């Protein structure tokens, strides 16, 4: 049958903490296979399945650096979203980014996802064409404009149609 790979990256800014809680959870076919937890000590990406015990040390080093850098992106953009929605600092807010790919039996892409949600409500999302954006509201429109101008859809589509589909194929070979 068909198959999916899906990552869910979340940042929640906290009240008297200020350093946000960052998490990343990868799934294939809706089973958790990797996780990063910023509230861990010296936090790294860690396999959650036996069939991820053979990616080799530099995969884990590389995506652990990505998490650290992605944490900088969630925290900058949480505080941009404060401005865009005219709320105040030392709030509790959540940014969620869901992305990945569905493939059919043949391993070819059926569907791609890039969805952003602020405080449980969706903010901007990539349409099935992988070429245009749906903005929820007036704040999201600002973002949609900047991203149409900068060709962000093409940028995400290169991941969606290349790396995502190729890695979902390898993960399905690893874990028969």
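Positions refer to the first chain, counted from 1.
Taking the PDB entry as given, 134-142 carries the higher mean Cα B factor of the two stretches 134-142 and 106-114. Set 94-102 against 75-83 and average the Cα temperature factors; 75-83 ends up higher. Per the deposited coordinates, the residue with the largest Cα temperature factor out of 149, 38, 48, 70 is 149. For residue 17, the recorded CA temperature factor ranks within the highest third of the chain's modelled residues. Sort the modelled residues of the chain by CA B factor and residue 42 lands in the highest third.
Per the PDB record, residue ranking by Cα B-factor puts residue 30 in the middle third of the chain. In the PDB entry, a CA B factor belonging to the middle third of its chain's modelled residues is recorded for residue 129. In this PDB entry, residue 61 carries a Cα temperature factor that places it within the lowest third of its chain's modelled residues.
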